[PDB]
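Written below as structure tokens is the structure these notes are about.
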Amino acid sequence: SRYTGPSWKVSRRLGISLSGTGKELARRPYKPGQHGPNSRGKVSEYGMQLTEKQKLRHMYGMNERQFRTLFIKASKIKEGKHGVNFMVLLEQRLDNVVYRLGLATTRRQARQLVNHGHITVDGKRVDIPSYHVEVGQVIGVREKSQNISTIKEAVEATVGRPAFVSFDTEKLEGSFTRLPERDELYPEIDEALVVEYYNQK
Amino acid sequence: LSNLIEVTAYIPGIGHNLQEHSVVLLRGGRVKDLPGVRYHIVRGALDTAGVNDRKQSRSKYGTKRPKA
Amino acid sequence: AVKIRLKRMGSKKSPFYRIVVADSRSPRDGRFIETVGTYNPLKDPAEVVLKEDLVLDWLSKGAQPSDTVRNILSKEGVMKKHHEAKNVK
Amino acid sequence: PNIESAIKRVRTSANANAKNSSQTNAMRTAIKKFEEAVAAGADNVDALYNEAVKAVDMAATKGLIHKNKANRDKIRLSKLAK
RNA sequence: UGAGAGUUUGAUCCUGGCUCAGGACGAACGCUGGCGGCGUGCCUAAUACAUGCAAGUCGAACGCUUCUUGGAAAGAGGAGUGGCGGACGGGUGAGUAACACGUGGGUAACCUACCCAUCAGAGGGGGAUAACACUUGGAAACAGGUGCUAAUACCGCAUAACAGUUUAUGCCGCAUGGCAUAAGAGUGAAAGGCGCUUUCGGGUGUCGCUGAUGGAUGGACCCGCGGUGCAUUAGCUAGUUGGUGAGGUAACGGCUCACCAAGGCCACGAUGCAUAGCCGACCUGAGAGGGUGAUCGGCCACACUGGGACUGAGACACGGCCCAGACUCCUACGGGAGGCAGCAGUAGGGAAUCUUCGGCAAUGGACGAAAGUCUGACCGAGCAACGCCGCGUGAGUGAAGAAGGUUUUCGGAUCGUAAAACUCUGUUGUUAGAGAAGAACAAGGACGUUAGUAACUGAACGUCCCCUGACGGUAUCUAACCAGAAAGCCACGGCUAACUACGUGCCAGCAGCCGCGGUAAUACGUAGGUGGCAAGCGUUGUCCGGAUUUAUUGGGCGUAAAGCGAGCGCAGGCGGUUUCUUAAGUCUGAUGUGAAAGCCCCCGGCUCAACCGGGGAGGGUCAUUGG
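Chains as they are written, first to last, in this note's numbering: chain A, 475 to 675; chain B, 133 to 200; chain C, 132 to 220; chain D, 107 to 188.
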């Protein structure tokens, strides 16, 4: 499964945008349902760690088993911290590479582009979105049929291109220069609440 | 029971169809109503039948999904 | 009846083989004496690795190859060396 | 029996048993015939010692006693007469 | 790499139990389900078993017989004598508390078919028998009698002692003794087949045959140490413990005998009773630990229940023999036949566990000189969300919030950018084209080299032609078409994330622990909404954690549970100061070993991942030798 629901209730429940600052929390910044505008008392310190974890899980649209295995894998580095290495491994998945490069507006669109077989790493096609893109691998746009309507238009309007992403808008090749850093990556949510959430799992 | 030791067992839900000499299935679970009862029968698993109003936790009580 | 034979180590339809010296009564994947090289039927020019200093020692003690082991031991030039050590002295 | 080859082994081994027992009894009586004449103190005492030795030796080439049993036997008899 | 919470009271602190929040599984069952990849699937009655298959092969060891092409040579069948195989491979865990297993050693007490090497032989004779032909008794299974015949079948005679044993010599070892050399005494084997040269040539290639010695491989025996409950189980032994001799075995030995003696084992747990195959490993834990021994590998034990031997290099024998017993079956009543804990399958037991499938193409195994024949091992296919992993059931833009549902103080709020509408996409689906790797070979032809030869045939490997796929038209790749076929289960009073209506009225019902329900129930039952997970989601059972709640790590005994009513003392546990010595504990170095697969570290291949491969570390309370 992935998810198909209204995708905007989700942001109103975390209190974070999740869609490139394009405002879902413009009107009614409160939660969904009857008891939306009428908030109530405090939230535990279990609700806080759960809310941080859900923020990160819904950012990149993955499921709970895969999230937890990625977290367990990031723990075997021991070079740096354990939340930084996590949120950095999270960025190296082929879906974020298409999002950051700029071939798609959303992450759902980028996911459908990499699922339906329209992109290639090093020339060879790769079809599965949880792929692990390493540093220095020019991912391309299937030079067979790169004349599609939405890819073309979403290359023009560059809302955000980062300081670790390289790209050329003629051959349509991009790559990571090097690994990013927390200052360059959502210094807003957390990586410590999420680490504590998995201590008693 | 098949091993020939005797026990009493609670039958849950609203309304059943159990009569003398009908064959049933037991699971663990102790009721806190009176002594001497330590088991539950499971609804909709043999001669016993699922309850016929439920709409909310039909996986217990053994109710099938209704088109309503 | 010591032998030099192949031993299957793939998954289901991607086989791999270890070259092994075993007593002939043993099961194909059961007990053996020691391992002597490797062999890969895929990988279009098939891959052989082997020590070839234990093959020449077992051969001179009466071990005997199977039919495929003899083919891949002559493609490596091990049977010629046995020839030049035994019937030459 | 069920298998065809198991039916042949039955008669083959029956025949082997027959002749094996015949020849073992031959050897045993040769030895005993020497012993009963060394226990009497009789003339013609080295010839039947020779014959008993030969009997044991021939039984060992017919696959009836192992080979160490034959060494043991010849030793025992040697210590009795010669 | 060591997280806690609720619950004794009118309120408190301490003690204390009970319960919950994490994992995992050969799982079962309730509701519900789209696919691929890799794995897994009688835990119960070691219950009883219809039907098919699971072990044969050799005509280049030997005589016969039937055909297809009266004397003809080949091809294809049939039984028989003889060799080798049937002790492997495959199944199960009933017995077993012991050298059964693990780890470390010993055998100067040992055996070993096929395979590799070395030395020496391979001479000359004899008497039979199955088959076949005729014949008797048989319900049958099957038994007898007469006559002829072959061999690599069988038996004696020769020749061989390098084997064993005894004597002298030399060297040596941990008692018994070991090695090498010399003699002396009695003794023991053997078989041919197919080719080449064939002047009688009498020579020779190859595969077999006999004796002796090594290697390899497989087995046998003995020893140190280690892993379970009960003392509401303290005595156990009479071939028992030792000696002398005799027999016996591959082999040492009370292994078994006759005699002689009175010994052996036990509080450091003998004996008995109950339970159990053992290990690599697997789950959990911060660790020390605790709980399991299913898939895969190693060792053991058993084969309808209980005794025995025979053949053989090897069995006291898994689809062998003989006897007894229970059970089942056929019979002319005199008698006969059988053993799924091999693969499928059936009835029964159970909460519960699969097809009476294809093929020897690949790897291994038996026989054969080889083509080959056999192989339910094995390689593939079928069934099942049983598990792990991967990808879907669309994507983008879209408002004053369309209709409807729920609520409302009747203004509105929420389901909700969610639908609509516009533009896109084709992983999947469908239809149509193309389309694999897994295969290396044996055999058969030509050609070369080396060691043997009088010489050639052949031997042993090199180079080249030629020859084979069950899965299967499978994976995969290309073209067109369509958002169309593909979301459910649990919870929402506190623990613990997520609230309002209506119905009912200590009823109907709910609960893991606190506890809810008697007119305005966020705790029962529905609806709207919300939370957690998702092709799954909950429930019951079992184990480790939380539990310092058996505390070595790591607790206590004035009043909470807990100092024997007091002394005297055998065994045990622990002991003042100091000089020299020893090296049992302790510390340390080097060498051997602790299989493979697993966990872990680095690297690499399947579009990724599960999964697969290569190189390492780790794991001993271990042994030997030096400080």
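Virtual Cβ for every residue (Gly too), placed ideally from N, Cα, C.
In DSSP terms, what residue i is bridged to
i, result
"A/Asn570", "Paired residues: none, contrary to the question."
"A/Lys598", "A/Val595"
"C/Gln195", "C/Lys134"
"A/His606", "A/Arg567"
Residues near residue i by beta carbon distance below 7 angstroms, same chain, minus five either side
i, result
"D/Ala158", "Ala136, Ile137, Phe140 and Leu183"
"D/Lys180", "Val159 and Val162"
"A/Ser549", "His556"
"A/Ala578", "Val572, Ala584, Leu587 and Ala628"
"A/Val633", "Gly494"
Residue from the options with nearest C-alpha to residue i
i, options, result
"A/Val558", "A/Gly479, A/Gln523 and A/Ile663", "A/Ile663"
"A/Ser623", "A/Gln583, A/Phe541, A/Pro654 and A/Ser481", "A/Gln583"
"A/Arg542", "A/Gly489, A/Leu563, A/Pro506 and A/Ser518", "A/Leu563"
"A/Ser619", "A/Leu646, A/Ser481 and A/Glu665", "A/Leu646"
"C/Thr166", "C/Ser155, C/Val151, C/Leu190 and C/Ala216", "C/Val151"
"A/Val571", "A/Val609, A/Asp657 and A/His509", "A/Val609"
"C/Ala216", "C/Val200, C/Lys206 and C/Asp188", "C/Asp188"
"A/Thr478", "A/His532, A/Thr594 and A/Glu627", "A/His532"
"A/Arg652", "A/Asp642, A/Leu492, A/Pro636 and A/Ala666", "A/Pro636"
"A/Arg501", "A/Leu492, A/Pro511 and A/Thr632", "A/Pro511"
"B/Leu178", "B/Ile137, B/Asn135, B/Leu136 and B/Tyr193", "B/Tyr193"
"A/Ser649", "A/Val668, A/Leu575 and A/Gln674", "A/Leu575"
"D/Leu154", "D/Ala187, D/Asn108, D/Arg115 and D/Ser111", "D/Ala187"
"B/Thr180", "B/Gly145, B/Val163, B/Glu138 and B/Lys187", "B/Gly145"
"C/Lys174", "C/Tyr148, C/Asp198, C/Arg201 and C/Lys211", "C/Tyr148"
"C/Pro176", "C/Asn218, C/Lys211 and C/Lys206", "C/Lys206"
"D/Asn156", "D/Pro107, D/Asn126, D/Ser111 and D/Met133", "D/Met133"
"D/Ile171", "D/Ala146, D/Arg117, D/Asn126 and D/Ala120", "D/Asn126"
"B/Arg159", "B/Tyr171, B/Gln188 and B/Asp185", "B/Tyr171"
Cβ pair residue i, residue j closer than 8 angstroms
i, j, result
"A/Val612", "A/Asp601", "no"
"B/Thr140", "B/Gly168", "yes"
"C/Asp160", "C/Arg136", "no"
"C/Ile203", "C/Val179", "yes"
"C/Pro196", "C/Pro172", "no"
"A/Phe638", "A/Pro661", "no"
"A/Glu565", "A/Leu659", "yes"
"B/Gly182", "B/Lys199", "no"
"A/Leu499", "A/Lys529", "no"
"A/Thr643", "A/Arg616", "no"
"B/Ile143", "B/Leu133", "no"
"C/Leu181", "C/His213", "no"
"A/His592", "A/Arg567", "no"
"B/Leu157", "B/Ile173", "yes"
"D/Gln129", "D/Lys168", "yes"
"C/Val209", "C/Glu183", "yes"
"A/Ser604", "A/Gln540", "yes"
"A/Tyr504", "A/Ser518", "no"
Chain-order list of residues whose beta-carbon lies under 8 angstroms from that of residue i (same chain, five-residue window excluded)
i, result
"A/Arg581", "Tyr534, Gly535, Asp569, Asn570 and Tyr573"
"A/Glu526", "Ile663, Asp664, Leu667, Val668 and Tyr671"
"C/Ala194", "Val133, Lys134, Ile135 and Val152"
"A/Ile551", "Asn559"
"D/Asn150", "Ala143"
"A/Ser485", "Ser491, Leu492, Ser493, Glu498 and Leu499"
"D/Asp152", "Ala187 and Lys188"
Every unbroken alpha helix (DSSP H) inside the region 133-180 of chain D [4 residues or more]
152-167
My parser needs the alpha helix (DSSP H) runs of 4 or more residues fully inside the region 526-570 of chain A; what are they?
538-548 and 558-563
Going residue by residue through the region 606-631 of chain A, where are the continuous beta strand (DSSP E) segments of at least 3 residues, counting only ones entirely within it?
none
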